[PDB]
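Shown below: data-v1.cif, with mmCIF, C-alpha atoms.
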```
data_coords
loop_
_atom_site.label_atom_id
_atom_site.label_comp_id
_atom_site.auth_asym_id
_atom_site.auth_seq_id
_atom_site.Cartn_x
_atom_site.Cartn_y
_atom_site.Cartn_z
CA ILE F 1 205.62 99.22 159.67
CA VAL F 2 207.15 102.71 159.48
CA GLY F 3 210.45 103.06 157.61
CA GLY F 4 210.70 99.41 156.63
CA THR F 5 211.20 97.48 153.40
CA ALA F 6 209.40 94.64 151.62
CA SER F 7 209.82 91.09 152.89
CA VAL F 8 210.45 88.15 150.57
CA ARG F 9 208.42 84.95 150.25
CA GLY F 10 209.13 82.75 153.27
CA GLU F 11 211.37 85.28 155.02
CA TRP F 12 209.08 85.36 158.09
CA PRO F 13 207.15 82.07 157.86
CA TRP F 14 205.73 82.35 161.40
CA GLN F 15 203.98 85.62 160.53
CA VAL F 16 200.26 85.27 159.86
CA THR F 17 197.61 87.76 158.81
CA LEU F 18 194.48 87.73 160.93
CA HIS F 19 191.27 88.54 159.07
CA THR F 20 187.82 89.57 160.26
CA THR F 21 184.69 88.98 158.15
CA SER F 22 182.49 91.54 159.99
CA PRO F 23 181.24 93.81 158.53
CA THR F 24 183.41 92.85 155.54
CA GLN F 25 186.70 90.94 155.17
CA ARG F 26 189.90 92.81 156.11
CA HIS F 27 193.25 92.40 157.84
CA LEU F 28 192.68 92.88 161.57
CA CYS F 29 196.01 92.01 163.24
CA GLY F 30 199.30 90.14 163.05
CA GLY F 31 200.11 86.85 164.77
CA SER F 32 202.81 84.23 165.08
CA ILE F 33 202.75 80.47 164.53
CA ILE F 34 204.19 78.92 167.71
CA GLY F 35 202.64 75.44 167.48
CA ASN F 36 200.66 73.33 165.02
CA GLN F 37 197.39 74.93 166.00
CA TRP F 38 198.39 77.90 168.07
CA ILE F 39 198.80 81.56 167.05
CA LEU F 40 200.33 83.93 169.58
CA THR F 41 198.93 87.43 169.31
CA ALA F 42 197.81 90.54 171.26
CA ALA F 43 194.60 90.60 173.31
CA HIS F 44 193.61 94.14 172.23
CA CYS F 45 192.92 92.84 168.71
CA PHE F 46 189.76 91.13 169.87
CA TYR F 47 187.94 94.06 171.35
CA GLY F 48 184.46 93.83 169.84
CA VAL F 49 185.07 90.34 168.43
CA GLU F 50 182.23 88.30 169.88
CA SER F 51 182.59 84.94 168.17
CA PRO F 52 185.79 83.16 167.06
CA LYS F 53 183.73 82.41 163.95
CA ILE F 54 184.29 85.79 162.33
CA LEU F 55 188.07 85.19 162.29
CA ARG F 56 190.34 83.82 159.54
CA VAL F 57 194.01 82.94 160.04
CA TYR F 58 195.87 83.02 156.72
CA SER F 59 199.44 81.61 156.63
CA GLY F 60 202.25 81.65 154.06
CA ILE F 61 201.00 85.01 152.81
CA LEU F 62 203.43 87.63 151.56
CA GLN F 63 201.01 89.98 149.81
CA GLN F 64 197.42 90.59 150.90
CA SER F 65 196.25 90.43 147.26
CA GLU F 66 197.18 86.72 147.24
CA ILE F 67 194.04 86.15 149.33
CA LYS F 68 191.17 85.34 147.00
CA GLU F 69 187.78 83.82 147.89
CA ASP F 70 189.10 80.29 147.20
CA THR F 71 192.33 80.79 149.20
CA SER F 72 192.16 78.45 152.19
CA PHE F 73 192.45 79.58 155.82
CA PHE F 74 192.55 78.23 159.38
CA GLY F 75 189.42 78.69 161.47
CA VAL F 76 189.75 79.85 165.08
CA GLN F 77 188.32 77.28 167.49
CA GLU F 78 189.03 79.32 170.62
CA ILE F 79 190.26 82.80 171.55
CA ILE F 80 192.18 82.69 174.82
CA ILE F 81 192.69 86.07 176.47
CA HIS F 82 194.77 86.54 179.64
CA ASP F 83 192.36 86.98 182.62
CA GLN F 84 194.19 90.05 183.85
CA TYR F 85 194.14 91.95 180.55
CA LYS F 86 192.17 95.21 180.70
CA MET F 87 193.86 97.28 177.97
CA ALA F 88 197.21 97.41 176.10
CA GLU F 89 198.81 100.14 178.25
CA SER F 90 198.06 98.28 181.50
CA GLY F 91 199.77 95.11 180.28
CA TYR F 92 198.81 91.46 179.73
CA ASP F 93 198.31 92.25 176.04
CA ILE F 94 198.65 88.57 175.14
CA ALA F 95 196.25 86.14 173.46
CA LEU F 96 196.28 82.66 171.96
CA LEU F 97 194.32 81.38 168.98
CA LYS F 98 193.63 77.65 168.92
CA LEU F 99 193.14 76.73 165.27
CA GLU F 100 190.39 74.32 164.23
CA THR F 101 193.01 72.23 162.40
CA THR F 102 196.81 71.90 162.61
CA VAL F 103 199.15 73.75 160.26
CA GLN F 104 201.00 71.57 157.79
CA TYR F 105 204.53 72.97 158.06
CA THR F 106 206.12 74.11 154.82
CA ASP F 107 208.83 76.64 154.00
CA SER F 108 206.36 79.52 153.76
CA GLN F 109 204.49 78.53 156.97
CA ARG F 110 206.19 77.30 160.13
CA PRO F 111 206.75 78.11 163.82
CA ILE F 112 208.98 80.34 165.87
CA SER F 113 210.48 79.22 169.19
CA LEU F 114 209.72 80.93 172.43
CA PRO F 115 212.62 82.17 174.57
CA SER F 116 213.79 80.01 177.51
CA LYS F 117 213.47 80.97 181.20
CA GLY F 118 217.27 80.81 181.47
CA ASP F 119 217.15 83.16 178.46
CA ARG F 120 216.19 86.04 180.78
CA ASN F 121 219.87 87.01 181.27
CA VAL F 122 220.19 87.03 177.46
CA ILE F 123 220.46 90.27 175.50
CA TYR F 124 219.01 90.16 171.99
CA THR F 125 220.63 92.52 169.47
CA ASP F 126 219.24 91.27 166.14
CA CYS F 127 215.55 92.20 166.38
CA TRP F 128 212.98 92.73 163.63
CA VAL F 129 209.33 93.82 163.62
CA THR F 130 206.97 92.74 160.83
CA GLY F 131 203.44 93.49 159.60
CA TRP F 132 201.05 94.85 156.98
CA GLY F 133 200.44 97.91 159.19
CA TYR F 134 200.63 101.63 158.44
CA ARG F 135 203.82 103.11 156.91
CA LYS F 136 203.08 106.33 158.84
CA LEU F 137 200.64 107.39 161.57
CA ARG F 138 198.06 108.54 158.99
CA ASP F 139 198.21 105.78 156.39
CA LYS F 140 196.58 102.53 155.39
CA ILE F 141 197.28 98.79 155.47
CA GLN F 142 199.97 97.52 153.22
CA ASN F 143 199.82 94.83 150.54
CA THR F 144 203.39 93.61 151.07
CA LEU F 145 204.58 92.35 154.46
CA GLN F 146 206.96 95.03 155.77
CA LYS F 147 210.11 94.47 157.87
CA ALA F 148 212.28 96.82 159.95
CA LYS F 149 215.30 96.27 162.20
CA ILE F 150 214.94 97.82 165.66
CA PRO F 151 217.07 97.81 168.86
CA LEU F 152 215.61 97.10 172.30
CA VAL F 153 215.64 99.84 174.93
CA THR F 154 215.88 99.00 178.65
CA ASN F 155 212.70 99.01 180.75
CA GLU F 156 214.22 101.81 182.84
CA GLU F 157 214.94 103.90 179.74
CA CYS F 158 211.51 103.22 178.24
CA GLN F 159 209.76 104.32 181.44
CA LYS F 160 211.27 107.81 181.13
CA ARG F 161 209.79 108.29 177.63
CA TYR F 162 206.38 107.16 178.89
CA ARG F 163 205.65 108.86 182.22
CA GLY F 164 201.98 108.75 181.18
CA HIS F 165 201.98 105.00 181.89
CA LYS F 166 203.59 102.26 184.00
CA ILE F 167 206.14 100.17 182.09
CA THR F 168 206.21 96.78 183.85
CA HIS F 169 208.77 93.94 183.62
CA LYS F 170 206.09 92.08 181.60
CA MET F 171 206.66 94.65 178.82
CA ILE F 172 209.63 95.24 176.53
CA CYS F 173 210.49 98.36 174.52
CA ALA F 174 212.19 98.84 171.15
CA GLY F 175 213.01 101.96 169.11
CA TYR F 176 215.51 104.49 167.77
CA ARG F 177 216.30 107.62 169.77
CA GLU F 178 215.52 109.72 166.70
CA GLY F 179 212.65 107.39 165.72
CA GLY F 180 211.95 106.76 162.04
CA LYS F 181 211.54 102.99 162.37
CA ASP F 182 208.68 101.46 164.38
CA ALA F 183 205.56 99.28 164.26
CA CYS F 184 202.22 101.02 163.61
CA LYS F 185 198.44 100.47 163.54
CA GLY F 186 197.72 97.11 161.90
CA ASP F 187 200.99 95.56 163.06
CA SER F 188 199.38 94.75 166.41
CA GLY F 189 199.71 91.17 167.63
CA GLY F 190 202.52 90.53 165.17
CA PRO F 191 206.01 89.52 166.04
CA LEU F 192 209.12 91.18 167.20
CA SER F 193 211.70 88.55 166.33
CA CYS F 194 215.18 88.54 167.56
CA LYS F 195 217.94 86.03 166.30
CA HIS F 196 220.07 84.39 168.95
CA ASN F 197 222.75 81.88 167.90
CA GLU F 198 221.23 81.22 164.44
CA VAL F 199 217.87 80.47 166.10
CA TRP F 200 214.98 82.93 165.74
CA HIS F 201 213.07 83.60 168.98
CA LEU F 202 209.68 85.18 169.74
CA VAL F 203 210.83 87.97 171.98
CA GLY F 204 207.86 90.37 171.82
CA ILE F 205 204.26 90.79 170.64
CA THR F 206 203.38 94.14 169.05
CA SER F 207 201.21 95.93 171.63
CA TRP F 208 201.18 99.76 171.57
CA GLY F 209 203.02 103.08 171.38
CA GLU F 210 202.60 106.85 171.29
CA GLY F 211 201.92 107.54 167.62
CA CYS F 212 204.17 105.75 165.15
CA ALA F 213 207.97 106.03 164.81
CA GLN F 214 207.98 109.30 166.74
CA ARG F 215 211.36 110.36 167.99
CA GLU F 216 212.09 109.36 171.59
CA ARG F 217 208.90 107.23 171.62
CA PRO F 218 209.87 103.53 171.52
CA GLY F 219 207.42 100.81 170.47
CA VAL F 220 206.01 98.83 173.40
CA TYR F 221 205.80 95.03 173.16
CA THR F 222 204.40 92.28 175.36
CA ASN F 223 207.45 90.60 176.90
CA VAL F 224 206.96 87.01 175.76
CA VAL F 225 209.57 85.50 178.10
CA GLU F 226 207.48 86.61 181.11
CA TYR F 227 204.61 84.46 179.80
CA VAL F 228 206.12 81.09 178.79
CA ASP F 229 204.45 79.41 181.78
CA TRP F 230 201.10 80.97 180.84
CA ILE F 231 201.53 79.94 177.20
CA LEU F 232 202.66 76.36 177.95
CA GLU F 233 199.77 75.87 180.40
CA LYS F 234 197.31 76.87 177.66
CA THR F 235 198.95 75.18 174.65
CA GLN F 236 198.44 72.20 176.91
#
```
The structure in this file should be written as structure tokens.
Amino acid sequence: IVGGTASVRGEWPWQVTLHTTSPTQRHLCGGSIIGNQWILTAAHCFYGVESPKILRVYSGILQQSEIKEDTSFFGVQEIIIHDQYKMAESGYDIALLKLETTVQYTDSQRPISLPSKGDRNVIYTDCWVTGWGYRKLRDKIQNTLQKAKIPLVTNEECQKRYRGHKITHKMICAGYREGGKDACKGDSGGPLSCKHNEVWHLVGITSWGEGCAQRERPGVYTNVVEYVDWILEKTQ
């Protein structure tokens, strides 16, 4: 996260870190707890992941250095990728992870609600993006979970900044005109969380963008509301 600050223990309990063991163990992507054995993330994270066996979902983690060899994780039983996904910029950058076991909800690990279908005429103004991603375009992956407050920009407005691509209604954009605050590489698949009437909602999944925190270049997120039917169908 570019231009953010450090999160506190249990500030974003739905945030998970998604590890790969091949070739060696490292943070791959972000994800959100939405059900007892369901992580909502971005499809582009799994390019070149061939077996769900090389994945490790760690929850209740604030700092990466908390993860030791004996720290427990949730195994991925199934990776579900939207049939229509081809690449981030084309859309359908959405994926589910069905965990081998259910999460035991505590204060440091617990779920975020999806938006409602009637919540499509709702305008979120209290939105936050979170991850262990890069602090700048040419950086590394952070030890402490970073947070940054960011305002949504309208699909129409976003489209003007990105004439190199099509910005569909199944996407949502968020950024500052002058930039400075944005998600970055490694934040992918993590949450953009917006608070509506004291209830936190999963409004977007971190998908892509032109560089990181560039001015006039808003972050692009998978519009979660446009997928509730897809998600519910899959989460059974």
Exercise for the section: Could you list the residues chosen by the PyMOL selection byres ((chain F and resi 114) around 7) in this structure as a ChimeraX atom specification? Expected result: /F:112-113,115-116,201-202
Exercise for the section: Go through F:33, F:185, F:166, F:152 and flag the residue nearest residue 140 in chain F, using all atoms listed in the file for the distances. Expected result: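 Closest to residue 140 in chain F of all the choices is F:185.
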Exercise for the section: Find, counting only C-alpha atoms, the residue in F:195, F:223, F:217, F:139 that gets nearest to residue 157 in chain F. Expected result: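 Using only C-alpha atoms, residue 157 in chain F sits closest to F:217.
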Handout entry: Of the listed residues F:231, F:173, F:62, F:39, that which approaches residue 131 in chain F most closely, counting only C-alpha atoms
Key =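 Of F:231, F:173, F:62, F:39, the one nearest residue 131 in chain F, counting only C-alpha atoms, is F:62.
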Practice task
Have a look at CA of residue 169 in chain F and CA of residue 226 in chain F and let me know their distance in Å, one decimal.
Solution key: 7.9 Å
Problem - Expected selection from the PyMOL selection byres ((chain F and resi 82) around 7), given as number ranges by chain - result: F: 80-81, 83-85, 92, 94-95
Exercise for the section: Compile the contact shell of residue 35 in chain F as a ChimeraX atom specification: residues with an atom at most 10 Å away, counting only C-alpha atoms, same-chain residues fewer than 5 positions apart removed. Expected result: /F:14,40,98-99,102-103,105,110-113,235
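Between CA of residue 227 in chain F and CA of residue 122 in chain F the separation is 16.0 Å.
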Axis-aligned box for range 27-31 of chain F, 4 Å per side, centre and edges in Å as lines of an AutoDock Vina configuration file:
```
center_x = 196.4
center_y = 89.9
center_z = 161.3
size_x = 15.4
size_y = 14.0
size_z = 14.9
```
Exercise for the section: List the neighbours of residue 167 in chain F out to 12 Å using only C-alpha atoms; skip same-chain residues closer than 4 positions along the sequence, and give me the result as an MDAnalysis selection string. Expected result: chainID F and resid 88:92 153:163 171:173 208:209 218:223
Exercise for the section: Using all atoms listed in the file, pick whichever of F:125, F:106, F:37, F:146 has the shortest atom-to-atom distance to residue 194 in chain F. Expected result: F:125
Could you model N, CA, C and O atoms for range 214-230 of chain F and present them as an mmCIF file, in the frame of the given file?
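Everything below was put into selection-v2.cif:
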```
data_model
loop_
_atom_site.group_PDB
_atom_site.id
_atom_site.type_symbol
_atom_site.label_atom_id
_atom_site.label_comp_id
_atom_site.auth_asym_id
_atom_site.auth_seq_id
_atom_site.Cartn_x
_atom_site.Cartn_y
_atom_site.Cartn_z
ATOM 1 N N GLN F 214 207.625 108.009 166.173
ATOM 2 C CA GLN F 214 207.980 109.300 166.740
ATOM 3 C C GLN F 214 209.323 109.231 167.425
ATOM 4 O O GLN F 214 209.701 108.200 167.989
ATOM 5 N N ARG F 215 210.052 110.336 167.373
ATOM 6 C CA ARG F 215 211.360 110.360 167.990
ATOM 7 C C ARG F 215 211.231 110.361 169.514
ATOM 8 O O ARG F 215 210.370 111.040 170.082
ATOM 9 N N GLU F 216 212.073 109.549 170.147
ATOM 10 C CA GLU F 216 212.090 109.360 171.590
ATOM 11 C C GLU F 216 210.862 108.604 172.140
ATOM 12 O O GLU F 216 210.646 108.554 173.354
ATOM 13 N N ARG F 217 210.076 108.014 171.241
ATOM 14 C CA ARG F 217 208.900 107.230 171.620
ATOM 15 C C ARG F 217 209.009 105.810 171.089
ATOM 16 O O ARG F 217 208.544 105.517 169.982
ATOM 17 N N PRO F 218 209.630 104.918 171.881
ATOM 18 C CA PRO F 218 209.870 103.530 171.520
ATOM 19 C C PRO F 218 208.581 102.733 171.426
ATOM 20 O O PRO F 218 207.626 103.037 172.141
ATOM 21 N N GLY F 219 208.554 101.728 170.555
ATOM 22 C CA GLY F 219 207.420 100.810 170.470
ATOM 23 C C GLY F 219 207.376 99.928 171.703
ATOM 24 O O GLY F 219 208.417 99.485 172.187
ATOM 25 N N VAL F 220 206.176 99.680 172.218
ATOM 26 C CA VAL F 220 206.010 98.830 173.400
ATOM 27 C C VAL F 220 205.482 97.458 172.992
ATOM 28 O O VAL F 220 204.521 97.351 172.228
ATOM 29 N N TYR F 221 206.127 96.416 173.510
ATOM 30 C CA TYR F 221 205.800 95.030 173.160
ATOM 31 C C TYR F 221 205.579 94.179 174.403
ATOM 32 O O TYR F 221 206.225 94.377 175.436
ATOM 33 N N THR F 222 204.653 93.232 174.293
ATOM 34 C CA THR F 222 204.400 92.280 175.360
ATOM 35 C C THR F 222 205.610 91.365 175.479
ATOM 36 O O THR F 222 206.001 90.711 174.506
ATOM 37 N N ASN F 223 206.216 91.345 176.664
ATOM 38 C CA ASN F 223 207.450 90.600 176.900
ATOM 39 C C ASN F 223 207.172 89.103 176.996
ATOM 40 O O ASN F 223 206.760 88.603 178.044
ATOM 41 N N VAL F 224 207.400 88.398 175.893
ATOM 42 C CA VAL F 224 206.960 87.010 175.760
ATOM 43 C C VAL F 224 207.609 86.073 176.774
ATOM 44 O O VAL F 224 206.970 85.131 177.238
ATOM 45 N N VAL F 225 208.862 86.340 177.128
ATOM 46 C CA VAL F 225 209.570 85.500 178.100
ATOM 47 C C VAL F 225 208.855 85.432 179.455
ATOM 48 O O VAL F 225 208.853 84.387 180.106
ATOM 49 N N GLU F 226 208.223 86.534 179.852
ATOM 50 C CA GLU F 226 207.480 86.610 181.110
ATOM 51 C C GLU F 226 206.141 85.866 181.069
ATOM 52 O O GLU F 226 205.364 85.936 182.021
ATOM 53 N N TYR F 227 205.881 85.152 179.977
ATOM 54 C CA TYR F 227 204.610 84.460 179.800
ATOM 55 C C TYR F 227 204.728 83.012 179.337
ATOM 56 O O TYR F 227 203.713 82.376 179.049
ATOM 57 N N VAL F 228 205.946 82.475 179.270
ATOM 58 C CA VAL F 228 206.120 81.090 178.790
ATOM 59 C C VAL F 228 205.285 80.096 179.599
ATOM 60 O O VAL F 228 204.646 79.216 179.025
ATOM 61 N N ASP F 229 205.263 80.262 180.920
ATOM 62 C CA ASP F 229 204.450 79.410 181.780
ATOM 63 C C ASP F 229 202.972 79.509 181.430
ATOM 64 O O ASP F 229 202.308 78.481 181.301
ATOM 65 N N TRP F 230 202.477 80.738 181.262
ATOM 66 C CA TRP F 230 201.100 80.970 180.840
ATOM 67 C C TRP F 230 200.810 80.296 179.501
ATOM 68 O O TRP F 230 199.804 79.604 179.351
#
```
